[PDB]
file protein.cif (mmCIF, C-alpha atoms)
data_run
#
loop_
_atom_site.group_PDB
_atom_site.id
_atom_site.type_symbol
_atom_site.label_atom_id
_atom_site.label_comp_id
_atom_site.auth_asym_id
_atom_site.auth_seq_id
_atom_site.Cartn_x
_atom_site.Cartn_y
_atom_site.Cartn_z
ATOM 1 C CA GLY A 1 0.000 0.000 0.000
ATOM 2 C CA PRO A 2 2.474 2.607 1.279
ATOM 3 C CA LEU A 3 5.351 1.003 -0.664
ATOM 4 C CA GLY A 4 3.266 1.251 -3.861
ATOM 5 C CA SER A 5 0.452 -0.904 -5.285
ATOM 6 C CA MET A 6 1.088 -4.669 -5.068
ATOM 7 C CA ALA A 7 4.627 -5.977 -5.622
ATOM 8 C CA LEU A 8 6.128 -6.212 -9.112
ATOM 9 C CA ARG A 9 9.868 -6.868 -8.955
ATOM 10 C CA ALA A 10 11.583 -7.531 -5.614
ATOM 11 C CA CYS A 11 15.289 -7.822 -4.848
ATOM 12 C CA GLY A 12 17.302 -9.666 -2.169
ATOM 13 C CA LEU A 13 20.887 -10.656 -1.281
ATOM 14 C CA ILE A 14 22.104 -14.249 -1.391
ATOM 15 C CA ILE A 15 23.822 -13.820 1.969
ATOM 16 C CA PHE A 16 26.395 -16.438 2.860
ATOM 17 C CA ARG A 17 29.330 -16.682 5.270
ATOM 18 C CA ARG A 18 32.497 -18.705 4.615
ATOM 19 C CA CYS A 19 34.429 -20.166 7.571
ATOM 20 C CA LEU A 20 38.168 -20.879 7.834
ATOM 21 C CA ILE A 21 37.648 -24.344 6.332
ATOM 22 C CA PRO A 22 35.081 -27.193 5.986
ATOM 23 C CA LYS A 23 34.449 -29.275 9.133
ATOM 24 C CA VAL A 24 32.327 -32.448 9.052
ATOM 25 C CA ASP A 25 29.953 -31.508 6.224
ATOM 26 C CA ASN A 26 28.795 -27.992 7.097
ATOM 27 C CA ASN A 27 31.192 -26.667 4.438
ATOM 28 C CA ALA A 28 33.001 -23.392 5.183
ATOM 29 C CA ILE A 29 30.326 -21.568 3.150
ATOM 30 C CA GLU A 30 26.841 -21.268 4.678
ATOM 31 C CA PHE A 31 23.636 -19.436 3.648
ATOM 32 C CA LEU A 32 21.597 -17.115 5.868
ATOM 33 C CA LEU A 33 17.828 -17.737 5.426
ATOM 34 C CA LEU A 34 14.969 -16.135 7.389
ATOM 35 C CA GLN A 35 11.758 -17.814 8.586
ATOM 36 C CA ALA A 36 8.899 -15.298 8.644
ATOM 37 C CA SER A 37 6.843 -15.795 11.825
ATOM 38 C CA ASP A 38 4.206 -13.213 10.834
ATOM 39 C CA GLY A 39 3.186 -15.348 7.836
ATOM 40 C CA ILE A 40 2.803 -19.095 7.182
ATOM 41 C CA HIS A 41 6.367 -19.786 8.379
ATOM 42 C CA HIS A 42 8.502 -19.985 5.222
ATOM 43 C CA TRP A 43 12.309 -19.875 4.904
ATOM 44 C CA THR A 44 13.849 -17.327 2.517
ATOM 45 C CA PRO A 45 16.785 -14.872 2.385
ATOM 46 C CA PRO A 46 16.273 -11.200 3.291
ATOM 47 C CA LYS A 47 14.465 -9.912 0.167
ATOM 48 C CA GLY A 48 11.746 -7.229 -0.084
ATOM 49 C CA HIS A 49 9.650 -5.673 -2.881
ATOM 50 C CA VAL A 50 11.010 -2.574 -4.640
ATOM 51 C CA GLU A 51 9.310 0.733 -3.776
ATOM 52 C CA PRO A 52 8.634 3.255 -6.578
ATOM 53 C CA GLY A 53 11.739 5.219 -5.528
ATOM 54 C CA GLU A 54 14.432 2.699 -4.459
ATOM 55 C CA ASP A 55 16.653 0.655 -6.796
ATOM 56 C CA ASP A 56 16.621 -3.107 -7.431
ATOM 57 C CA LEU A 57 19.850 -3.972 -5.555
ATOM 58 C CA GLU A 58 19.350 -1.070 -3.149
ATOM 59 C CA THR A 59 16.056 -2.785 -2.368
ATOM 60 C CA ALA A 60 17.908 -6.073 -1.795
ATOM 61 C CA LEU A 61 20.358 -4.173 0.402
ATOM 62 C CA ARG A 62 17.330 -2.621 2.131
ATOM 63 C CA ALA A 63 15.757 -6.031 2.858
ATOM 64 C CA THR A 64 19.180 -7.505 3.631
ATOM 65 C CA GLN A 65 19.627 -4.795 6.263
ATOM 66 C CA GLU A 66 15.919 -4.720 7.199
ATOM 67 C CA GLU A 67 14.771 -8.360 6.876
ATOM 68 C CA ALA A 68 17.992 -9.729 8.472
ATOM 69 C CA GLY A 69 19.544 -6.600 9.994
ATOM 70 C CA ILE A 70 22.772 -6.802 7.956
ATOM 71 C CA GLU A 71 23.935 -3.562 6.326
ATOM 72 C CA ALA A 72 25.941 -3.577 3.103
ATOM 73 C CA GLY A 73 28.831 -2.041 5.072
ATOM 74 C CA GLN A 74 29.467 -5.492 6.593
ATOM 75 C CA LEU A 75 28.599 -7.297 3.322
ATOM 76 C CA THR A 76 30.607 -7.506 0.104
ATOM 77 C CA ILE A 77 28.461 -7.791 -3.048
ATOM 78 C CA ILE A 78 30.458 -10.538 -4.768
ATOM 79 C CA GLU A 79 27.953 -10.350 -7.604
ATOM 80 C CA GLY A 80 29.418 -12.662 -10.221
ATOM 81 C CA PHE A 81 26.109 -14.561 -10.281
ATOM 82 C CA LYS A 82 22.678 -12.895 -10.092
ATOM 83 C CA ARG A 83 19.431 -13.033 -12.047
ATOM 84 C CA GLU A 84 15.786 -12.105 -11.553
ATOM 85 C CA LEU A 85 14.717 -14.968 -9.294
ATOM 86 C CA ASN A 86 11.032 -15.560 -10.029
ATOM 87 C CA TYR A 87 8.714 -17.806 -8.024
ATOM 88 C CA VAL A 88 4.955 -17.962 -7.387
ATOM 89 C CA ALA A 89 5.135 -19.480 -3.884
ATOM 90 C CA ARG A 90 1.436 -19.923 -3.043
ATOM 91 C CA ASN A 91 0.562 -18.234 -6.361
ATOM 92 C CA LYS A 92 2.228 -14.788 -6.463
ATOM 93 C CA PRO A 93 4.930 -14.591 -9.198
ATOM 94 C CA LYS A 94 6.593 -11.248 -8.348
ATOM 95 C CA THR A 95 10.103 -10.987 -9.834
ATOM 96 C CA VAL A 96 12.981 -11.268 -7.368
ATOM 97 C CA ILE A 97 16.672 -10.434 -7.889
ATOM 98 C CA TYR A 98 19.380 -12.283 -5.916
ATOM 99 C CA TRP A 99 22.985 -11.059 -5.429
ATOM 100 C CA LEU A 100 25.917 -12.824 -3.732
ATOM 101 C CA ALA A 101 27.132 -11.265 -0.467
ATOM 102 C CA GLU A 102 29.619 -12.258 2.248
ATOM 103 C CA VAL A 103 29.581 -11.060 5.868
ATOM 104 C CA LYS A 104 33.121 -9.993 6.719
ATOM 105 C CA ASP A 105 31.768 -10.113 10.277
ATOM 106 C CA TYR A 106 31.718 -13.785 11.305
ATOM 107 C CA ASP A 107 29.745 -12.642 14.362
ATOM 108 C CA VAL A 108 27.464 -10.282 12.397
ATOM 109 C CA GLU A 109 24.226 -9.685 14.294
ATOM 110 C CA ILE A 110 21.285 -10.741 12.134
ATOM 111 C CA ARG A 111 18.734 -8.196 13.372
ATOM 112 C CA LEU A 112 15.278 -9.088 12.113
ATOM 113 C CA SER A 113 13.096 -5.961 11.934
ATOM 114 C CA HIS A 114 9.303 -6.319 12.291
ATOM 115 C CA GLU A 115 9.022 -9.041 9.616
ATOM 116 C CA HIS A 116 11.274 -12.058 10.209
ATOM 117 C CA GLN A 117 11.802 -13.667 13.639
ATOM 118 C CA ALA A 118 14.077 -16.560 12.622
ATOM 119 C CA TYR A 119 17.482 -16.677 10.902
ATOM 120 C CA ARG A 120 20.174 -19.384 10.607
ATOM 121 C CA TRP A 121 23.613 -19.854 9.020
ATOM 122 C CA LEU A 122 23.516 -23.254 7.249
ATOM 123 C CA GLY A 123 25.313 -25.042 4.384
ATOM 124 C CA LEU A 124 23.930 -25.427 0.836
ATOM 125 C CA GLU A 125 22.108 -28.674 1.658
ATOM 126 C CA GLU A 126 20.435 -27.302 4.815
ATOM 127 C CA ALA A 127 19.774 -24.058 2.938
ATOM 128 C CA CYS A 128 18.195 -26.139 0.156
ATOM 129 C CA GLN A 129 15.621 -27.839 2.422
ATOM 130 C CA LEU A 130 14.601 -24.546 4.037
ATOM 131 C CA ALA A 131 14.356 -22.659 0.708
ATOM 132 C CA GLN A 132 11.995 -25.267 -0.807
ATOM 133 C CA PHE A 133 12.005 -23.125 -3.987
ATOM 134 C CA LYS A 134 13.624 -24.532 -7.145
ATOM 135 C CA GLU A 135 15.089 -21.093 -7.959
ATOM 136 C CA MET A 136 16.410 -20.611 -4.406
ATOM 137 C CA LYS A 137 17.923 -24.097 -4.314
ATOM 138 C CA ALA A 138 19.534 -23.359 -7.682
ATOM 139 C CA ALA A 139 20.307 -19.708 -6.867
ATOM 140 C CA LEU A 140 21.943 -20.995 -3.675
ATOM 141 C CA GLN A 141 23.670 -23.745 -5.685
ATOM 142 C CA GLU A 142 24.495 -21.443 -8.608
ATOM 143 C CA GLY A 143 25.663 -18.856 -6.067
ATOM 144 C CA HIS A 144 28.038 -21.429 -4.543
ATOM 145 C CA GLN A 145 29.360 -22.170 -8.051
ATOM 146 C CA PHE A 146 30.743 -18.638 -8.476
ATOM 147 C CA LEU A 147 32.141 -18.685 -4.930
ATOM 148 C CA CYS A 148 34.292 -21.634 -6.037
ATOM 149 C CA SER A 149 36.140 -18.931 -7.998
ATOM 150 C CA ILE A 150 36.096 -16.644 -4.937
ATOM 151 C CA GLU A 151 38.045 -17.040 -1.691
ATOM 152 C CA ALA A 152 36.315 -20.400 -1.364
ATOM 153 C CA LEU A 153 39.448 -22.037 -2.808
#
call {"tool": "encode", "arguments": {"input": "protein.cif", "output": "structure tokens"}}
result
Amino acid sequence: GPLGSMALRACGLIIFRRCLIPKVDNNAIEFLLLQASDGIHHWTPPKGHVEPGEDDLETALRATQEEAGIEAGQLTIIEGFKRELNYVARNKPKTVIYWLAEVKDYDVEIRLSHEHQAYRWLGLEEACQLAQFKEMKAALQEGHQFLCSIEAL
């Protein structure tokens, strides 16, 4: 309503944190997903619709900082891989853009503003079950692919 009429194209950040090295199977790289408690309880990265004045990535940075509480200052937009993630969930297409980001703060505080009340740092597999969306599972998997060329080596 206040952010415009209905959502059209939303944007979010594929947030992930890489540790010193892989342990048992948690892999050094993990994804940060949020479970909305004010809805039907779904897992998804910090992504929000784009207002009629903000930008696509700026919107992802806005949700990243708002939906999870992480500002871009502590995140590095690796980019490399990103596309308009599009899903209909219950039945609402809405375009979504996903960028790669890394928290240089291993102890970053995921502050969830009035919207999400759950957040976790998990590996691709655990991030895949929570996402439940083919694009998210692939975006998370495709996102990991580029990281292979990052400091993931």
call {"tool": "residues_around", "arguments": {"input": "protein.cif", "residues": "segment 73-80 of chain A", "least_positions_apart": "3", "cutoff": "9 Å", "atoms": "only C-alpha atoms", "output": "short mmCIF file (atom, residue, chain, number, x, y, z; two decimals) with C-alpha atoms, keeping the file's coordinate frame"}}
result
data_model
loop_
_atom_site.label_atom_id
_atom_site.label_comp_id
_atom_site.auth_asym_id
_atom_site.auth_seq_id
_atom_site.Cartn_x
_atom_site.Cartn_y
_atom_site.Cartn_z
CA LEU A 13 20.89 -10.66 -1.28
CA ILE A 15 23.82 -13.82 1.97
CA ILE A 70 22.77 -6.80 7.96
CA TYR A 98 19.38 -12.28 -5.92
CA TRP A 99 22.98 -11.06 -5.43
CA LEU A 100 25.92 -12.82 -3.73
CA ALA A 101 27.13 -11.26 -0.47
CA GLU A 102 29.62 -12.26 2.25
CA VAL A 103 29.58 -11.06 5.87
CA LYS A 104 33.12 -9.99 6.72
CA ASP A 105 31.77 -10.11 10.28
CA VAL A 108 27.46 -10.28 12.40
CA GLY A 143 25.66 -18.86 -6.07
CA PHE A 146 30.74 -18.64 -8.48
CA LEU A 147 32.14 -18.68 -4.93
CA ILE A 150 36.10 -16.64 -4.94
#
call {"tool": "resolve_selection", "arguments": {"input": "protein.cif", "expression": "the PyMOL selection byres ((chain A and resi 51) around 9)", "output": "ChimeraX atom specification"}}
result
/A:2-4,7,10,49-50,52-55,59
call {"tool": "atom_distance", "arguments": {"input": "protein.cif", "atom1": "atom CA of residue 9 of chain A", "atom2": "atom CA of residue 47 of chain A"}}
result
10.7 Å
call {"tool": "resolve_selection", "arguments": {"input": "protein.cif", "expression": "the PyMOL selection byres ((chain A and resi 21-38) around 8)", "output": "PyMOL selection string"}}
result
chain A and resi 14-20+39-46+67-68+115-124+127+130-131+140+152
call {"tool": "atom_distance", "arguments": {"input": "protein.cif", "atom1": "atom CA of residue 84 of chain A", "atom2": "atom CA of residue 144 of chain A"}}
result
16.9 Å
call {"tool": "atom_distance", "arguments": {"input": "protein.cif", "atom1": "atom CA of residue 72 of chain A", "atom2": "atom CA of residue 92 of chain A"}}
result
27.9 Å
